[PDB]
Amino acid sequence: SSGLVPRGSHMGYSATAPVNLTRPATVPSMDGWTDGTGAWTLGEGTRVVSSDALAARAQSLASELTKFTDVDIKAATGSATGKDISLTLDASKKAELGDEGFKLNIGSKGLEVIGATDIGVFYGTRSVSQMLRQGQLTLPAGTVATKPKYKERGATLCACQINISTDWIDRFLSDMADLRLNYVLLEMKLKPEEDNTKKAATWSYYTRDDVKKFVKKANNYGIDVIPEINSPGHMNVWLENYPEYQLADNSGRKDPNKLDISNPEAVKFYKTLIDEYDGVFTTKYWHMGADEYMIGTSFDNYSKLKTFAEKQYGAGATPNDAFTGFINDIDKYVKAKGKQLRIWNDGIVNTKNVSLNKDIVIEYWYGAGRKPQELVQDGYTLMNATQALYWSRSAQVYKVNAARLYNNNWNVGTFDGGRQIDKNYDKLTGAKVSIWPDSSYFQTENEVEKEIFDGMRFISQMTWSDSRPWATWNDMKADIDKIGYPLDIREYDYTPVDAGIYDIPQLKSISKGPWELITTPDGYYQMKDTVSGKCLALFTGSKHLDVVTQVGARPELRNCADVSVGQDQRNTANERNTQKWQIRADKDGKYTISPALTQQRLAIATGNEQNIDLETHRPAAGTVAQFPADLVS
């Protein structure tokens, strides 16, 4: 017999360690590790030790680690032993570590994490978590210092038209933090409240309270949440109920997506929205979008913009001049609020009489004029937002292929359509992936979460480390899976009730029930009415992106779809996903039921709910209908 037995190494440092004991991987990788003598073992008595100032970081890591290791790891102040993880903020190490970098020293004095800022120290702790939650509690001795090559690292998250649940955003923010991603462009609607703007309070929207909560979580994780209100195109969710601000073509037909930038009341309406967001986002940036204004058409069909150009910016001025002038005017406005402006690159056009202010950050997603190289020569600040880092729930041409980017040597300097610029260009801020809903019924938000996993590790690695220490994608994939998700995601209670048979009074107007609940692989439920044999669906009402956004829409009974299959069954996606429901536990113990796609909540209608959609149609009082949560607290 073999005698196989656990090594069961004593806690703390040991001068003795095997030469090739595995150093557990991280993402981002920490390159240039210098090996030392021996190894350090987390074990019973290991504490996380820090100053009072770092006490919250220390307590949160001790908790975390207690949960991952099954050892009781307490936080403390005072002296550290060789048994301990130490957290140190040393601001004098800015030159070495920057605002975000960190140093690990593993050895006889234990596991030391050193940062020059609170966020650096926090970031060090993400590597410590990663390293110790792979089933190994012994780490080889040595030292490494690491900092991100690029200043902006993260994602565009389009929480736009459709709602991405605040619980999803929270999980996403923890995922980002674990990967040392510090940037999220959140295109979204903050519920408008002013008399002048409140008719745009259609769903999706987020409350002021919702936003202040996820922003404060973001800032604790080192993440800049930058809002976007795209303009002057892609404005349907703002101008639908304000036709007075929509741009008409030459024949008088209005487009709810197009802002009439020759109308000063319209410009002012946009500026009013900037002012509403200013109260709840802490960032120093404003993103005005400026992408795809004329998609589906041309400036030749909007002669009003030419006339406006010429009046406004003198004879010779073109519609492109008016467009840029609108951008410059929004620039001037946000700068007076202390902000820097950001846009998409496809706005930037050939202008005769006006030129785009150079103090506007250009996020470059589309190979169409200027090319990246030309924007470099004229001195623009650039972020790489290449389409090669796009996911879309419906557009299958937009699926990040991380294997391919890894194996083909893509870097942050590889702009859209393989246009390589100097990756050390001094105004290259970094790079991001982009998460787009488009036609939204094809994939649930929890399916988006599973899918983006890999691409998020890829962009973390290349924006921080800009290296390929794994020989192939497949090696990186093996390690990123061993690393796995941060604790908050592992703890999220996706399906808080067991499958089974339930009485649900809230649903009495549809059926006396009872209801058979079964779970789905993406963390939702199907609800079968045992009376009719049919299943509850949120299927009918007015939609954006092919999803029912109508406030007060009623669910219905439909033939049961197969909710057990994956997102590659595109042909049945709508019947399937309109039959998914998210159940959540209250603080404490009461359950809400939300349609998985819409993320409104089922409630009994009172008739006192106030929303613009309800002015035009209200479900019968006392029936069960979907409503944003803020209307039913």
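If you superpose the two forms and keep the largest set of C-alpha atoms that fall within 1.5 Å, you have the rigid core. In case it trips you up, residue 1 is the first one in the sequence shown, and so on.
- Comparing 361-369 with 218-226 in 5 other deposited structures of this protein, after superposition on the rigid core, the stretch with the greater RMS C-alpha deviation is 361-369.
- If you average the C-alpha B-factors over 556-564 and over 344-352, the higher value belongs to 344-352.
- Look at the C-alpha B-factors of 162-170 and of 208-216. On average they run higher in 208-216.
- When the C-alpha B factors of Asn263, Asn257, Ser542, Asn196 are read from the deposited coordinates, the top value falls at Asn196.
- Ranking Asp546, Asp278, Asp454, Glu100 by Cα temperature factor from the entry places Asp278 first.
- Compared with the other modelled residues of the chain, the Cα B-factor recorded for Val225 ranks in the lowest third.
- In this PDB entry, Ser129 carries a Cα temperature factor that places it within the middle third of its chain's modelled residues.
- Among the modelled residues of its chain, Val376 has a C-alpha B-factor that falls in the highest third, as given in the PDB entry.
- Looking at the C-alpha B-factors along this chain, the one for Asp498 belongs to the highest third.
- Per the PDB record, residue ranking by Cα B-factor puts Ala596 in the lowest third of the chain.
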